[PDB]
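Residue numbers (the authors' numbering): 1 to 152. Yeah, the Cβ is synthetic: ideal placement off N, Cα and C, and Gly gets one too.
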Amino acid sequence: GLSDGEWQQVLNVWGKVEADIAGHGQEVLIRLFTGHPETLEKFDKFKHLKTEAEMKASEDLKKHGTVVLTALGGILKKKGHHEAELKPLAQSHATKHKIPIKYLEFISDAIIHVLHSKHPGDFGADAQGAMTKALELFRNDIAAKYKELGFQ
Ligand code: COH
């Protein structure tokens with residue numbers, strides 16, 4: 001688990017995301033799609049996006065970024081007491097969307113990257129550590145659900 005100090009860092013960082021949820025959301029998704037094009041193929045509604053200019057100009061991609069980060073923010077604010085919130089997410093992503101756990105690693109790394117990119121010099125070593133732990137926790141709790149399902 002994360003310490004009290006660590007959770008506070010996590011939710012302090014998250015303050016940055018909340019000031020522009022859609023912008024953070026869109027950049028996370030573009031980072032994931034451009035770095036890992038296989039991920040784009042899991043989204044029938046975004047596989048028409050051939051170029052980053054197209055991604056950037058997509059209002060629906062931004063809308064989805066908002067849905068994504070809002071769901072993640074909800075989970076983070078539970079400070080690890082997220083079973084009710086995380087279970088349905090785990091299950092829709094395995095069973096419906098067929099998302100390998102690797103893709104959840106990719107988006108975790110994309111969040112850390114976007115935070116440095118939007119907030120250079122304002123995402124300290126301690127904040128990065130805390131946020132990384134929170135994201136691993138999220139990822140690991142999802143992985144336990146995936147194992148239950150025998151997915152991947
Ligand atoms: C590589 C693709 C992948 C990743 C890493 C990912 C990672 C994450 C993630 C990690 C931070 C969070 C909090 C969410 C949260 C959500 N995702 Co995804 N999702 C992904 C692919 C999808 C797909 C595909 C859908 C359906 C999109 C649609 O057509 O509306 C989706 C839908 C959702 C929805 C709508 C409800 C539902 O269908 O469950 C939420 C909320 N999610 N997702």
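(request) Mind checking which residues open and close the alpha helix (DSSP H) that includes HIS97? (result) Locating residue 97 in the sequence shown gives position 97, where the first residue counts as 1. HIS97 -> no alpha helix (DSSP H), and no H or E assigned at all.
(request) Tell me where the alpha helix (DSSP H) around residue 219 begins and ends. (result) Because the chain spans 1 through 152 in this model, residue 219 falls outside it and cannot be assessed.
(message) Quick check: is any heavy atom of ligand 1 less than 6 Å from the C-beta of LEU2?
(response) As a first step, residue 2 is located in the sequence shown; it is residue number 2 there, counting from the start. No - ligand 1 has no heavy atom lying nearer than 6 Å to the Cβ of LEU2.
(message) At a cut-off of 6 Å, would you count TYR146 as near ligand 1, judging by its Cβ distance to the nearest heavy atom?
(response) On the sequence shown, residue 146 is found 146 positions in, with the first residue counted as 1. For ligand 1, not one heavy atom lies less than 6 Å from the Cβ of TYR146.
(request) Measure the C-alpha to C-alpha separation of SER92 and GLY121 and round it to an integer number of angstroms. (result) Locating residue 92 in the sequence shown gives position 92, counting from the first residue. Locating residue 121 in the sequence shown gives position 121, counting from the first residue. Spanning the two alpha carbons is a distance of roughly 36 Å.
(message) Distance check for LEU149 and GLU54, CA to CA, integer angstroms please.
(response) As a first step, residue 54 must be located in the sequence shown, where it is residue number 54. As a first step, residue 149 must be located in the sequence shown, where it is residue number 149. Cα-Cα distance, rounded: 36 Å.
(message) Nearer than 6 Å: is that true of the beta carbon of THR66 relative to any heavy atom of ligand 1?
(response) Numbered from its first residue, the sequence shown carries residue 66 at position 66. No.
(request) Count the CB pairs spanning the segment 19 to 36 and the segment 57 to 65 that are closer than 8 Å, and state whether there are at least three. (result) yes
(request) Could you check which residue in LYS96, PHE33 and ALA134 has the C-alpha nearest to that of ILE75? (result) For the purposes of this step, residue 75 is taken as the residue at position 75 of the sequence shown. Of the candidates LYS96, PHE33 and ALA134, the one whose C-alpha sits nearest the C-alpha of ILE75 is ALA134.
(request) Look at the Cβ atom of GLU38, then the Cβ atom of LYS47, and state whether they are nearer than 7 Å. (result) The residue labelled residue 38 in the question sits at position 38 within the sequence shown. The residue labelled residue 47 in the question sits at position 47 within the sequence shown. No, Cβ-Cβ distance for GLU38 and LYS47 is not below 7 Å.
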